[PDB]
C-alpha cells in the first residue's frame, strides 16, 4: 500500500513566516496533523508601559505582508479606548487604503504564493503558444495572442536553459508529479500571468502609498483620524483612482478567470480541506462603533449551520496555551491576556507552537475569506451572492463545494472581486463628501488615565482584534488576537484540533517526498506566522 509514516514540512515556504507542519499518514492519507509556529518575537511584552499612541507603530511591524492592517487595528483600538469618533473622511481614507490592501494581498497570494502548488512552470516550455492564446482569450475579455505568450515562453526558455532555476529549484513539479494536472498551455497562461502579476502588484501597492505615505508600512494614521491633507486633493484622488481601476481590471480579467480555469482542472479538491466553524468581524464601517454598519457584517457559524448565524460576542474569545510554549494551561480573554513564554521543544509536555489557540465559546474557528464570504452570503449580501453564485455556476458545482481547499481558494477570489468593486463605491462617497465642503480628517481627543479599548479589523486573512488596558495613561496590557492565530494556532485545552490541523485530515499524499497536497490545503488558508505569533 501507499506511504505510511510521518511527513514533516519545515520550512513551509510560500507563506509569511516560520511554519513547521507535521502529519502522520496511513495508507497514503493524512490521519493526524500538528501546526507548529517556530518564531516568537513578543511584541505584546515589548508594548507594556509605553505610550498608547506608539502602539500602532510597533504593532504594524507584526507583519509586512498584511501591512497597514495592524496599524489600523491598533488605531481603532486606541480610538475606542479614548472615545474619539473620527471624522467621516478619516473613515473613508482608512477604508480605501484597506480595500487597496486586500487587492494587493490576494493577487500576490494567488500567483506568487499559491499557484506553484498547481502550476508546473517548466511544462509551459512545451506548450503551443497559439493554442494557449486561444484558451486565454476564451476565458477573459482581454485578448491574448500567440506572440504575447511566445515572448513569455522565450524568456522562460532562456532562464531554464541557464541551469540556474532560482526560485524553481527542486520544485515539486520538476520532472513531473502525479498530483499536477494542468496541460502545457494552461501552465503557460498561468505562468505568463504570474509574471504579469509581479508588475501589476507594484501598482496595487502604490495605491496605498498615494494616501498612506508608503508601502510597506503605511504612515498616515493617528488617534482621532488621519494626517494626509494631500488625500483631499483632486490630484491624489485621481492618482489613487487610476491605480485602483487598473488593479480592478487585473482582478476581473486576469485573476478570476485563472482561478476558475485552475479550479475546474482540480475539481477533486472540493473533497479535501473542509472545516466546521467560521468567525468574521465585518469590515468597511460607516460607524466606527457599530460593526453592523460595515459593508461586510460580523457573524459566527458553528458546524456549517448558515441558517443560524450567531451574533459575534467579543467576550466569548479566549486564548489557550496548554499546547503552546507559554506558562501553564489557563485560557484568557484578551483583556486579561498573558504572554509568558516558556519553551519545551517540539511536543515537550504536549506543546508544539508559539501561537496561542483562540477559541470562540470553546470552539476552533476558521477565519478569512471563506468565513467572510459564506457569512455575508448567508446574511443576504447582494454583491457577495451575485458573484459567488456565478462562480458556482461556472464551475458546475453546488454550494457544498465551498467547504474545501478549492472553495477557500475560490472565496479569496470572490472577496477580491467584490472588494475591488466596492472600493469604487467608497471612492465616490468620499468624493461626494468632500464636495459638500467637509474637509476635516482628524478630530481632537484626550488620553484617559484608565480605560479599556478594542479595535476590530477584518484583514485579508480574517478577524483581527487588538485589545488595550490603559493604566496611568500607559499601556497596562496590549493583546493581539490575529486571524492566523485562529486558523493555524495549535490545539486548546480541550484538545480540539485547530482549523488547519483538522482540515489536513483526509489529505491524499501521492509522493511523500513531494507532499504538494499538504501545501495546497495549508496555503489555501494563506498563513501568516509573524501575524499569528507576534
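Residue numbers count along the first chain shown, from 1.
Asks: Comparing 386-394 with 272-280, which stretch shows the greater average C-alpha B-factor in the deposited entry?
Replies: Per the PDB record, 386-394.
Asks: So 178-186 or 94-102, which one's hotter by mean CA B-factor in the entry?
Replies: Stretch with the higher mean C-alpha B-factor: 178-186.
Asks: Can you tell me which of 459, 402, 202, 321 has the highest Cα temperature factor in the record?
Replies: That would be 402.
Asks: Reading the B-factor column of the entry, which of 408, 248, 217, 431 has the highest value at its C-alpha atom?
Replies: Among 408, 248, 217, 431, the highest C-alpha B-factor in the entry belongs to 431.
Asks: Is residue 494 in the lowest, middle or highest third of its chain when residues are ranked by C-alpha B-factor?
Replies: It falls in the top third of the chain.
Asks: Split the chain's modelled residues into thirds by Cα B-factor; is residue 522 in the lowest, middle or highest one?
Replies: It belongs to the lowest third of the chain when residues are ordered by C-alpha B-factor.
Asks: Could you tell me which third, lowest, middle or highest, the C-alpha B-factor of residue 163 occupies within its chain?
Replies: Within its chain, residue 163 is a highest-third residue by C-alpha B-factor, going by the deposited values.
Asks: According to the PDB entry, is the CA B factor of residue 476 in the bottom, middle or top third of its chain, that is, lowest, middle or highest?
Replies: Answer is middle: the recorded C-alpha B-factor places it there.
Asks: If you rank the chain by CA B-factor, which third does residue 377 end up in: lowest, middle or highest?
Replies: Highest third - that is where residue 377 ends up once the chain's C-alpha B-factors are sorted.
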